[PDB]
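Trainee: One structure, as structure tokens, below. Some questions next.
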Amino acid sequence: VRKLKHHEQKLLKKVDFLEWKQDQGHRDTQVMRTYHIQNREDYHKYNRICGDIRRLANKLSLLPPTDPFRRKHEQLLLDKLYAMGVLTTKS
Amino acid sequence: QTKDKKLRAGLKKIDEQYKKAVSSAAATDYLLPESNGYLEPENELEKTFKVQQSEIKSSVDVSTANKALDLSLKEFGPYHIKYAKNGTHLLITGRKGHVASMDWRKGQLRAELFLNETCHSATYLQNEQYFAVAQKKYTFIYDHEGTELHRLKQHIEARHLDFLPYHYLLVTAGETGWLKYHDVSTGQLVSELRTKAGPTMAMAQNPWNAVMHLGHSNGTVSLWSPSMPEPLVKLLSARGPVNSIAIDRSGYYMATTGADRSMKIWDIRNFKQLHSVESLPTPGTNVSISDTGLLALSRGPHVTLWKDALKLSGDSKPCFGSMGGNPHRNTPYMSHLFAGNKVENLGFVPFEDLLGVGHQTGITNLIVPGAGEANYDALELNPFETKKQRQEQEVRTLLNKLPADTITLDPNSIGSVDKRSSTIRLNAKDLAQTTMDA
Amino acid sequence: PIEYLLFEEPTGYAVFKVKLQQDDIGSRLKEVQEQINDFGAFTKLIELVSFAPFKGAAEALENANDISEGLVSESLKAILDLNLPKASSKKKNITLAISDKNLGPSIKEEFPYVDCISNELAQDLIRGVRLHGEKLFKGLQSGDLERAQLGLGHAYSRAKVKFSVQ
Amino acid sequence: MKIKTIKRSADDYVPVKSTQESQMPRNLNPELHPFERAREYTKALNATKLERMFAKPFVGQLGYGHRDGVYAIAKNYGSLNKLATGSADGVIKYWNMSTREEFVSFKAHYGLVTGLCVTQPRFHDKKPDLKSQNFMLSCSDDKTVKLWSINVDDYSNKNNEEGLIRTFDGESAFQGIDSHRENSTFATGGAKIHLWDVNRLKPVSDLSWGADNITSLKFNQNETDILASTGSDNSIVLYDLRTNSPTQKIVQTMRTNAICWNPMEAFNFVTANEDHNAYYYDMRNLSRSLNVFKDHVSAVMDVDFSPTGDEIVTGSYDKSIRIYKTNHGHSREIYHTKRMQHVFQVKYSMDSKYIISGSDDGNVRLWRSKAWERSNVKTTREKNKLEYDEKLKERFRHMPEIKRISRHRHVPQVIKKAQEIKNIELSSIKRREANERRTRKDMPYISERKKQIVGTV
């Protein structure tokens, strides 16, 4: 706004109009530029899926390790997420 | 008068000092440079509301006649007009994709964003510079150039959007029932409030008090505050839903317009309805209150105005027509009807006397003489405000922001005493006499 | 209590009035020392009362060669007849702030009721007068200092070197 | 059909010149200024957060300091620049606080110095100059009082006798000094207080209420003939010179280190007592102290009344210095640094702004009175707002968000545990009173202004 003075500073230690904790570092813009994607809601249309991967990853981590469901089930999933190619390696 | 030789020299000093400054407030009544515009019939045959805009724009000054506008923007949807609180910058939003942050008097254009999402309403938040539209789902925060500043993850529906400028506190209430206040200086959401009443049909702030008034499908205009999670007071204004509301700048007076072909005039100091316009022929979708105290109404293609509607006598009750020229009955002040439009909102320009009407084809400003206040206070809001005078006053209001916790129903009760603790000061004698009762 | 001061120039003399004295315990501070570069702050100290310009350039040389001796010229004697209110000789003198310790006795020789102060307090004010320069004089100085220093600089030098043009 | 609309005319409100400032038309209607109470609250709440930000009390120290420790500070009430400090080594030094250097340093006494006072003499033979010299008077352990001249660089009116005009020998070890501003008069503190003429080597009149040692003195500023005299036998005896006689006595519970008369009211005197408290009296009625000041943790060594007449500044055997108003009964402000220990002597400025402070550590530290008042002379725009803060801070002084911020100070940790002890101790003693309050029928509750007096004469 003004490059406010030193005594203005200490009362306004926390105000900022451009960068918010809600706004989360503008990560959504910062990767919209690097890949040049058209509409804005496209990011959080992926980031709902990319979060939903981890929520299935988490609850499949809470099963015990020597379970022939769990051992079958994420390797069933890494087959798909590598065929689609979102992740580099299958190991 | 209590028996104290030390206090009465101090307390009668203060009571006489209070008398000196208040009578010296009317010293500056002479210093008012300009006086409010008026309208006269001058006859009995000449009615004050028959005058059209083609008769006004001729007989009025050239500068204001150019300050009436016909922005015809026919391809995008029906527009929503919000002026800034100083009279300068107009903001409009198409229902389909325009958002234009025009400078209005001069012909400059700050930002024109085409959004392919639908858009409902927008206001300028803290200056002409930062505004906030209400998109399809997510309220965005824009800059004077058209930049995005924030995609608000929260505020997940926003039909009605409002700012209140002494708290830096953006307020939303969408089709989700919830009521969210976003302190846009820090970015920290202050308070999220469950309304419990369903989709918010009408919202408009109270300027004197900074409480806000939602309107629901019940017809229960609800006063809110970021400290208490219940509504401060509920008011059954009208039957059916509430199409719009508006609040007088003094804070005394409210006007609601339900979808039961009705209209109420409330007194917010004492919560008693003054009088109720019944059976206006088609239900008023929008109202607004001027600064001088002039009422507005929108039947949808109509714009109707009243003078001295907000007073307390029965003669102040607004009426569509006087039988026999009865003076106690209150004829409408000024009327105008558009050809084939349906208006969306209507707001007065703050420091001139026009009202900005937003209709389906575009924008007009209707010229109203008695509307705006003629003499502002240039410490508070400058219509005439340079770059340097603004950005120094942008910081000054931030150091002088008010906390959201300060929002009460009386502004004066922020300095008072708790109602539980006693009126009388306690002696060390009287505190020790309580132990005798214990 | 520094009430009046006297700043000398090639364009005559000046007699100022001290409206407010700067606080004297705190005189090495950053605050009061950075006030004197700032003309908004320095004006609250100093008001101009008098300005009697030299009658000619040749009288300037006679007067500028009289300060460096330490003595009092005709005009410098004559200006202080106006501006200084006459006070007692023994109790409650009038204070004038002088740039020179050596000029001090020669004023009191002529004006017995005048006490001459050259503290680092008082000399701070006179150094403030040089910095703000012609803005204090409110345009009474006809011509400028910047031409007046140059000729009076050479004429004072040529007198003490004492070379004739022959 | 008369129509008038609002015309701004664009020529009044925006200036014609470029250099002319914008005019700023105001309307004092309260409808347009909505938040009366809330704004001026948060202007005062910014006013306390700024005054806790510009809390810069320390301004320097005077020279390189002494060697053994300042036990005595006198002030020329005539000259604003100057004071004199005497170390316990026997060396007195005379300061120019503007330059913060010494005028001259004097190996005065082989014992301790006990008190300094300053007064230009009025000899019967000649007059020593007020303007070209200033005069220090010392009070030693070794039965010795010595006058001292000082060469001073203030006035440039002139251009011998640099030091030690004449010495005053006595019988008992001298404890303290003060001079009397009318006609070359000073009494000493010793085993016997005995009044001195400057022209006479032997004292004029020996005064004593009783045959007891007397440890410090000070004359009053107005009604000048009234003297106040302490006692190590936990007593205070006031003197009157025009009766040539002592006038009354009050006996406190613990001994009084130093006193000070107010200059402005001139019949009230504050005292410094060895129980960790300071007291303030009326000369007319020594039955009731006008206030107590319960803030310290150890013995106060010196108090000084501000020439404003509002404030009283005190220094203790605790390594800290308090400032309080006459009204509130408690310190509004505590001063401390690590580099001072056991302040024995403290004197307020004569322009009432900067607090001098002698210490045992040997330095003369000088402070500010208010932490925000500056040496700057301020413009008319800054002055009104800086006035406007300090008035708006007064009617919102009692808001609990303000009073949390306006009060708290970082006191050192060795002091804060001692106040924690007294809060345990007084709550224990209130329990030790309230149980005996319930047994006996009508116990007289002696008020706290009165409990520090054993009896009077």
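The first residue you see is number 1, and the count goes up from there.
Quick check of the header: electron microscopy, 3.8 Å.
Positions of Cβ are set from backbone N, Cα and C atoms, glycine also.
Below, the features straight out of Swiss-Prot:
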{"type": "COMPBIAS", "residues": "D:432-451", "note": "compositional bias 'Basic and acidic residues'"}
{"type": "REPEAT", "residues": "D:65-105", "note": "repeat 'WD 1'"}
{"type": "REPEAT", "residues": "D:113-158", "note": "repeat 'WD 2'"}
{"type": "REPEAT", "residues": "D:169-206", "note": "repeat 'WD 3'"}
{"type": "REPEAT", "residues": "D:209-249", "note": "repeat 'WD 4'"}
{"type": "REPEAT", "residues": "D:251-291", "note": "repeat 'WD 5'"}
{"type": "REPEAT", "residues": "D:295-334", "note": "repeat 'WD 6'"}
{"type": "REPEAT", "residues": "D:338-377", "note": "repeat 'WD 7'"}
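If you look at the structure here, what lies around each of the features I listed?
Mentor: As a summary of secondary structure, the repeat 'WD 2' (D:113-158) carries 0 helix, 23 strand, 23 coil according to DSSP.
Tertiary proximity for the repeat 'WD 4' (D:209-249) is limited to same-chain residues at least six positions away from its ends with a CB under 8 Å from its CB atoms, namely 115, 175-182, 185, 187-193, 195, 255-263, 266-267, 269, 271, 283, 286, 454, 456-457.
For the repeat 'WD 5' (D:251-291), the list of distant contacts is 215-216, 218-223, 226, 228, 230-236, 238, 297-305, 307-309, 312, 314, 316, 318, 326, 329, 449-450, 452-456: same-chain residues at least six beyond its ends, Cβ to Cβ under 8 Å.
Under DSSP, the residues of the repeat 'WD 6' (D:295-334) split into helix, strand and coil as follows: 0 helix, 19 strand, 21 coil.
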Trainee: If we skip the immediate neighbours and take only residues 6+ beyond the ends of the repeat 'WD 3' (D:169-206), which ones have a Cβ under 8 Å from one of its Cβ atoms?
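Mentor: Contacts with the repeat 'WD 3' (D:169-206): 77, 114-119, 121-124, 137-145, 147, 213-219, 221, 224-225, 227, 229-230, 239, 241, 244.
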Trainee: Are there residues at least 6 beyond the ends of the repeat 'WD 6' (D:295-334) whose Cβ is under 8 Å from a Cβ of it, and what are they?
Mentor: 57, 254, 257-265, 270-278, 280, 340-352, 355, 357-358, 367, 369, 371, 409, 411-412, 414-415, 418-419, 422
